[PDB]
Structure formats: structure tokens, C-alpha cells
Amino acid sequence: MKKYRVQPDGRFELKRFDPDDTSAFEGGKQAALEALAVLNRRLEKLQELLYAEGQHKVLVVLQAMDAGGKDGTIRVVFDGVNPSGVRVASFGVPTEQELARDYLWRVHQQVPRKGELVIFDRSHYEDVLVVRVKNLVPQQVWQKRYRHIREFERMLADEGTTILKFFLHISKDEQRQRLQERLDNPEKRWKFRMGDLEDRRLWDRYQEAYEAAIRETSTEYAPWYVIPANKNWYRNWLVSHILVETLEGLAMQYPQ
């Protein structure tokens, strides 16, 4: 709601958030899945209002550690929404043609148009996290990218884009459970490859990067939301709540 919105004052500290926290919903899994169902219908009717009006642009950014629940959020929260009005843009490791330009070049290509909702499955923030943790570029160049993102997102917002960025917060031990479970599942053993366990060895470094990126790039036009994602039912409900409330705030109407 407003507990998880980080304000643009440069005071954000990541240790003030617990991945197992569930204090916003006065209930358990069975009670939230009832609130998730009613929220999902409101999201479906809001998205058809967004597509019909065709004036607003909605950009949902999902960033999290590996197995943090990015795909789970996309699959569950946007169940039933019209496929012609929502699209997922995934930003993996860059190609040679994409590294030949600025890091914002490939991301700007996928910005939502009018009447469209685009979910960034990993976004331009990958260029201030994995590139910072593994030292793929000097510290001098990515220390300046904090200002580029603030101004790039400001340009989007001033031109009619509503920006929501969610950080799915999971604990270090919970990742050890999900990665071990992903290996012991035939139908999920394929997503994991042994190149994703050294990233876990740099757990503390990715958390300092996420703390700094959120402390710097969270603005009023593009706010950051920290989502405790140790409980899938609570993560799916809280992301659904914040997203639906912001869409109704736009006061959109069907064209006459």
C-alpha cells in the first residue's frame, strides 16, 4: 500500500524490509486468494478500459534475485487479462548489436505505447546491478547511470507513461530452497544451469546494488515498491493491490 513505497529522499535502507513480512493483509493464504480473485477481476476490467481509452501507457518493472518470483508474478497476477493489451518484454544478457549502443537503447524499444501495458521482465536496472556486482564496467561509468535512469523514466512519465517498479524481496535462505527445489523438479530442472550459483555466492553484493539503485532511482513519477516475496500468495496479492489502485487513480473512461 503505502508501507512499501520508498520515498524520494535518499534515506531508503533495505534492512528495514523483511521478506517474510505479511503485515499488510490480516489473514493467511486462504483469505488472500479470495482477495486475489476479486482484485484479478478488477485488473481485467481496468486493462480493457486502458485498451479502449487508448491514451495512457502503463509500464510494470519487475526486478528480483534469481528465483525471486518474477515469472510467478507475471503468470498469476495477469491471469485472464486480454493478450492483445498486455505484453512481456524480457531483457536477458545483451547481444553484440545491443551492446554497440547505449544500455537504454534496447530498453527504450520496448516502452509501452498508448493503451498498452508492458511488463519488463528484468529491465534497464540490470545495467546498475549485474554490471556493478561483476565489474563488467568501471565504477565511474555506472555511477552516472543512476541519473540517466531517473531522467529517462521522467521523460517517459512526462509523455504519458505510468511507471511502477516492484522489487520482489526474498531472503538468502529462501533462495537456497527454491533453487534446490527447481533442481529436483523435472519440469523446472531446465531453467537452472550451474552458472546461476556463483550469483548466489555474490548475494551480499547484489543486495548492496539493489539498495543503492532503489535509493537513487525511486522518484515521485517512477516510484519503487519493495515486495516481500517469500510468500507467493502475499507477493501476488500485494503486487495486485498496488497495481489495481494506481490504474483506478487515472480515472480512465470508455470513449463515446
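A residue's number is simply how far along the shown sequence it sits, counting from 1.
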{"property": "Between the two ranges 178-186 and 140-148, the one averaging a larger CA B factor in the entry", "result": "178-186"}
{"property": "Of 101-109 and 167-175, the stretch whose C-alpha atoms average the higher B-factor in the entry", "result": "167-175"}
{"property": "Per the PDB entry, maximal CA B factor within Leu59, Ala32, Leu62, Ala222", "result": "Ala32"}
{"property": "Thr73, C-alpha B-factor rank within chain (lowest, middle or highest third)", "result": "middle"}
{"property": "Third of the chain's Cα B-factor distribution that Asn82 belongs to, per the entry", "result": "middle"}
{"property": "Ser218 - which third its CA temperature factor falls in, relative to the rest of the chain", "result": "lowest"}
{"property": "CA B-factor ranking of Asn40, expressed as a third of its chain", "result": "middle"}
